[PDB]
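Below, all heavy atoms of this structure are taken into account, side chains as well, without hydrogens, waters or symmetry copies. A note on names: the letters A, B, ... follow the listed sequences, proteins ahead of strands, and every chain is numbered from 1.
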Amino acid sequence: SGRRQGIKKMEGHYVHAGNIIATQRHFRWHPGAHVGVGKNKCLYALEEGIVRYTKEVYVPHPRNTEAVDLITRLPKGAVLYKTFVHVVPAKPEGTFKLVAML
Amino acid sequence: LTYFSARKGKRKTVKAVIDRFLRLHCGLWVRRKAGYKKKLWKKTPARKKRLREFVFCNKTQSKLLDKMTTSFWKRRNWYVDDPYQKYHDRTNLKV
Amino acid sequence: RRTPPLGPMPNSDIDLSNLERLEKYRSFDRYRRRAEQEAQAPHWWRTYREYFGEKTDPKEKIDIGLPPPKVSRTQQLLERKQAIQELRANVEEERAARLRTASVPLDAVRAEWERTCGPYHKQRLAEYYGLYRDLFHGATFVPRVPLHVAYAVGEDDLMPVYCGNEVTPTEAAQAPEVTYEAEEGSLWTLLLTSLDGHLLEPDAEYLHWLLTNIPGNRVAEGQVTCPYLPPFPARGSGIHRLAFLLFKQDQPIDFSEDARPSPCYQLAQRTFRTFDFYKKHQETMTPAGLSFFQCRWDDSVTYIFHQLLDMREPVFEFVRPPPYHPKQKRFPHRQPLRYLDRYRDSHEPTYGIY
Amino acid sequence: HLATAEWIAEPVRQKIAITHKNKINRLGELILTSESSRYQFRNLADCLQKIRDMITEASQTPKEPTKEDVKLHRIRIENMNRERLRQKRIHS
Amino acid sequence: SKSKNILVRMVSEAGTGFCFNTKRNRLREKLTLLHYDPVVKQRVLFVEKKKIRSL
Amino acid sequence: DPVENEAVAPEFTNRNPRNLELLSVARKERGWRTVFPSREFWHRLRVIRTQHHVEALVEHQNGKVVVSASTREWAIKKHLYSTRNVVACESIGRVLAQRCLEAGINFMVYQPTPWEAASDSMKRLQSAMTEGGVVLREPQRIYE
RNA sequence: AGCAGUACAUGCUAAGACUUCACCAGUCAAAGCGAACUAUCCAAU
Ligand SMILES: [K+]
Ligand SMILES: [Mg+2]
């Protein structure tokens, strides 16, 4: 009676757009640059590139009542940190090619 | 499966397979998803859409379906305005 | 197995013994202000700045411009403080501010801005647009001399160039009117370069205009080292950067090596690199002023190619990489019927041997 | 060669020239291409149909107002701000 | 016999015949909705018609 | 037979940092859904209000500051009775809008908090930007 | 836990992926269109 959830793509792995980076019951890894979130908190790549995991300062949305209450009660000088997953775009959006010589 | 019919001594086709599957001439088998018509009210739009897709069978299933049908069901057909005409032949398949 | 931190861990100075006695943020804004400050700081652990932040030489950018002007801070602070006390003394000023009817003269602000922070804001804009990266290979200068370039559009109108504003090639058909503050006896060089126009070499530029040995503000009397040529950004090639550079010469300079014929309609002869041109004359002239505008193709460009340049107009398109698909498999288990269309090149029916 | 096309009406050739200037080359020849089909017959038929639509569209003077492409929308705002920067010669 | 919610079929007032089942509270009057109607490609009034099942 | 001027590289190299952004094809940094503010923009307007001054910045998503207007500047400060009131915030918007047009910046995103948006200072500052030609909303990216 | 609240674009379509695993089933989803713009057979129709 067990299921498989966790990191599908580890650090430095190459992902294509739409690849599921990780599956989680709760937010253990947060969406970074070019990483989308699903309804079930699934993390997926929005661009083709290399997966990177970093530690970034956490700032919740002002309307996230539950999270805003936490940060307001923190001692001044203390910053919350979380683990974020990013995708570093490997290719350019496009190139300019000569098509005609009018 | 009947390998040798009582009256003709010939292999027989499993008609249960003909009712549920479409065989493309390339060897692929197409089927429907189980329960695509049942209890739609309790299914999300995304689940309902994948339930109405025509999906391919795996290698193991395809070989089993091939044994259960005789050569007549594997012949090339030229039906007029067949919706699956283009899918009968594979393209750009290296393997 | 545990590894000791490779440096000070976050939220470690915080004394946990007297948590209740510590001062809390109490506000989202105060936490956010501290959060942004912490993010900017460098950290031993992996951060977004590492992978996405641009990698640039740690050594400070060389400054190749004119020296900063000398200012007496004590006198400057004295006059400014007295000016504000005079302004605040007026009852009408206080009433206008309280009733929210007061406003600032935009024209007067820009006049003072040009004298004070404008050179440093133009440098920031030039840095953001990559002019220093592409013109002087990363060397930077502060445009101390405000350079005013305007294109006469029609008879009574003028299209100004303000460091990045868009000017169409039609408006730039003729040489612009250039003015700047220059003391008597000074000699200046003015060039116009297209950073993104070159059709053959990625790193090269086109010398659209080059005036040398300009006496003071009399641009017309300066020698025409290269006749003016309108910007011709190719259709579909995007937005091009056109940068006017003003150089303050230290003495008369011989530009025969850089001379070009009149008229010059050969793109090979107008191929230009500002870094190489300045490098040979760095001893005698210093970058003084900077203006630039953004240009994209317009109908007038076609005339330049067919008539002035006597060539066919090149057209470009923005092409994206072909969509990625996984390697096709003989049995695409659980994939929709349309899976076979992803690997199909022709939409028309095929019949094989028949 | 569009300008010297006797079959097309003279008012139409002018309207086609401005509307499809990007297709006309240095020699004044309107160039149409089609590569949508394997067969040359279908490709040629696509080109001829393009010529017919051009002549028809030209003769239909009341061009239908339509919502601009997203690309045009920003260009309209960019063109509007560019005029805002235009100034007048102080002394003329 | 009894349920908190009822499954009922909403029919479009446009007369196209498009209908979708919807959930409403048992102790409520006939439901009317502005649900989207594919046949007309725009939102249209929907009128509750027939009870399908009890949840 | 071959014209000298007609030598053109098959691929055009446009080094203008804003080229793809101006064409609306440059990719915005999507993601960061669980944190504030969003990174999905090319340029954004950021307003910093201190105890004594008001500052408005236009910066690229990469963190570079394109243009800025601040009450600390003498050019603006000398025409202001106070540098911390609504009039100062409105004046900064009018000045920043002019500098934006001169820099070719016509679109940007504004990411305020609920209280900042409601405040009259930001309403007046936003109005000055819109009346100055800045849209305060960016065009969508063109994926196809 | 064998439910409820409460919405009615839980619309259409479509790259790329996940999955208790073997199958069946199940899950996430860019772009686009349109909006908003904040179990099987059987039985009833
Ligand atoms: K180029
Ligand atoms: Mg979408």
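Looking at heavy-atom distances under 4.0 Å, B/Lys37 makes no contact with the nucleic acid at all.
Counting distance only, with no hydrogens placed and no angle test, the side-chain atoms of A/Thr23 and the base atoms of G/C18 include no donor-acceptor pair under 3.5 Å.
In this structure, G/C12 forms a base pair with G/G32, meeting either the Watson-Crick or the G-U wobble geometry with both donor-acceptor distances under 3.5 Å. Pair assignment for G/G5 gives none, since no Watson-Crick or G-U wobble pairing has each distance under 3.5 Å. Remark: G/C18 base-pairs with G/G26. Criterion, Watson-Crick or G-U wobble with two distances under 3.5 Å.
Contacts between residues 319-343 of chain C and RNA chain G, defined by a heavy-atom separation under 4.0 Å, are made by C/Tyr324, C/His325, C/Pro326, C/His333, C/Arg334, C/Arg338, C/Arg342.
Nucleotides G/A25 and G/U40 are separated by 9 Å at their P atoms, to the nearest Å. Between G/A29 and G/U13, the distance separating the two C1' atoms is 13 Å to the nearest Å.
With the nearest nucleotide of RNA chain G identified for both A/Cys42 and E/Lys4, E/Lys4 has the one nearer the 5' end.
Whole-Å rounding puts the E/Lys41 NZ to G/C33 P distance at 14 Å.
Counting only heavy atoms from C-beta on, A/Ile20 has its side chain closest to G/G16 among G/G16, G/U19, G/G11.
OP1 or OP2 of G/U6 has not a single side-chain nitrogen or oxygen of E/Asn25 nearer than 4.0 Å.
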